[PDB]
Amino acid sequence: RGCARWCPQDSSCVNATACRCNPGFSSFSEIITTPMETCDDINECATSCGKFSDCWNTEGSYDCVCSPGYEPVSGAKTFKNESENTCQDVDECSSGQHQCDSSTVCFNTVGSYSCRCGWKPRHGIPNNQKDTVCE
């Protein structure tokens, strides 16, 4: 029809006297009729990303990301649903991404990894940690 100029932030005019919140935002009434009404972000993460991932809420949207220690086989850094999830554990030992001391051997774990000592751990540092150092 027409277009109200006074639509509040994150809403768009539906005609000359009304607005509606943009996708990802919500207001008490389905149709806004005054500029005093607000369009608040909807936290989609509080309403499934799938295995080994995390939901991060953003303004107007949200993103699923592989959790730390996992990376997407498909390569897509962000995704929207379980169906697009390609998160697999990162084998830090095979990839040489680990930061183990030359005195230990990298041992892969799901979501992480550790370093094991023949040798014995130096004083004050346990065995089987990322910072393990032996002698």
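Numbers follow the displayed sequence, beginning with 1.
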Check your understanding: How many missing residues of the deposited sequence lie between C117 and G118 in the entry, grouped as none, 1 to 3, 4 to 9, or 10 or more?
Key -> 1 to 3
Review point. Hey, how big is the hole between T47 and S48 in terms of deposited residues without coordinates: none, 1 to 3, 4 to 9, or 10 or more?
Key: 4 to 9
Exercise for review: State which stretch shows the higher mean Cα B factor in the entry: 90 to 98 or 64 to 72.
Suggested key: 90 to 98
Exercise for review: Mind pulling up the entry and telling me whether 99 to 107 or 35 to 43 has the higher mean Cα temperature factor?
Suggested key: 99 to 107
Practice item. Can you work out whether the C-alpha temperature factor of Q9 puts it in the lowest, middle or highest third of the chain? Key: lowest
Check your understanding: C21's Cα B-factor: lowest, middle or highest third of the chain?
Key -> lowest
